[PDB]
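In structure tokens, the next block holds one chain alone, the form deposited in one PDB entry.
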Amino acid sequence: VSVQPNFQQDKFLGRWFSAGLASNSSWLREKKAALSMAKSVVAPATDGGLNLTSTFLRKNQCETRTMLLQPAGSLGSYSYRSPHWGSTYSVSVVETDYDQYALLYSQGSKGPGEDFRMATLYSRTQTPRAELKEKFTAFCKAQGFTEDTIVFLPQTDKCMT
């Protein structure tokens, strides 16, 4: 996969909405679908990487998860080690215009997580334009995701502050 050329982390900061998902994991897709996504916040981390804080509704209760995306030696490329589930993942900002959308791609780099691939559509607005959806669908198809696994996640207006 390609990484956004001349990636500028400072312009990537702030509030994003998790609008689209493609995963080759039934278990993961099902887990995500049982939730409603609120907002995500991207902020710099001490290692030169990013903290990605995801807010979502589970069973009518607001919840938050924070993931440390460690720098992977080139701008726009990160590494994530899963504390629960094990394995390490390469995480790439493949394409972004910073103020409308971002396309992320991850795949395992160590452990059985290597089997797991995931594309994510982030949007600066919670309801993305139809053209953004088409951009995401086109990217996912090029990355070998089946059409059935390209979905647009349920959103919630709650948990926003």
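Heads up, when I say rigid core I mean the largest set of C-alphas that superpose within 1.5 Å between the two forms. Residue numbers run from 1 along the displayed sequence. Residues that one form lacks are left out of the comparison.
So which stretch wins on mean C-alpha B-factor, 15 to 23 or 138 to 146?
The stretch with the larger average C-alpha B-factor is 138 to 146.
According to the deposited model, is the average Cα temperature factor higher in 119 to 127 or in 95 to 103?
Stretch with the greater average CA B-factor: 119 to 127.
Taking the values straight from the PDB record, which of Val41, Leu57, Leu69, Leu28 has the highest C-alpha temperature factor?
Top of the list by C-alpha B-factor: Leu57.
Among the modelled residues of its chain, does the C-alpha B-factor of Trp85 lie in the lowest, middle or highest third?
It falls in the top third of the chain.
Quick check for you: using the entry's CA B-factors within this chain, is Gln4 in the lowest, middle or highest third?
Answer is lowest: the recorded C-alpha B-factor places it there.
Here the subject shifts to the form deposited in another entry, a form of this protein not shown in this document.
Which single residue of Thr137, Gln9, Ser25, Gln143, after superposing the core, moves its CA by 2 Å or more between this form and the one not shown?
Comparing both forms, the shifted residue turns out to be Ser25.
Once both forms sit on the same rigid core, is the C-alpha displacement of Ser36 at or above 2 Å between this form and the one not shown?
After core superposition, the displacement of the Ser36 C-alpha between this form and the one not shown reaches the 2 Å mark, so yes.
Check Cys140 against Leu35 at the C-alpha atoms and report closer or farther in the other entry, compared with the shown form; the change is 3 Å or more.
Relative to this form, closer in the other entry.
In the other entry, the Cα separation between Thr149 and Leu28 changes by 3 Å or more relative to the shown form; did it shrink or grow?
Those two alpha carbons end up closer in the other entry.
Once the core is lined up, would you list the consecutive runs of at least three residues whose Cα atoms each shift 2 Å or more between this form and the one not shown?
Shifted segments: 25 to 38, 153 to 156, 158 to 161.
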